[PDB]
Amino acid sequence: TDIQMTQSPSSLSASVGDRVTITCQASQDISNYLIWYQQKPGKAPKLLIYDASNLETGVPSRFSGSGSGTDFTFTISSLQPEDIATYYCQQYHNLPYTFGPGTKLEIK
């Protein structure tokens, strides 16, 4: 039914080159039907990861995703200036498809 997607942290600031680790928790088992989107300010979300851990074409290798079941992790190995954005997870296991509340990542 109404699957609730939780996401932590809500916001964070870091330096160029740091490792960033973001979580997304589902309120019910969603198997590996988890997407991660990047939404730069004023733009649409851009799919980065599907099936929990698969990167789409053209996505820089610094992005990775992991998890399965109810707990998921998105990692940026080396934060870059172009990564300033809000990141969202989304499950596509069951309609309606639901979003986490976002993680706003900034530099400094």
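Note that residue numbering begins at 1 and tracks the sequence as displayed.
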As stated in the PDB record, which stretch has the larger average Cα B-factor, 43-51 or 56-64? 56-64
From the list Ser10, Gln91, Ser13, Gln25, select the residue with the highest C-alpha B factor recorded in the entry. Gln25
If you rank every modelled residue in this chain by C-alpha B factor, which third holds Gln80: lowest, middle or highest? highest
Can you tell me which third, lowest, middle or highest, the CA B-factor of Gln4 falls into for its chain? highest
Where does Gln38 sit by CA temperature factor within its chain: lowest, middle or highest third? lowest
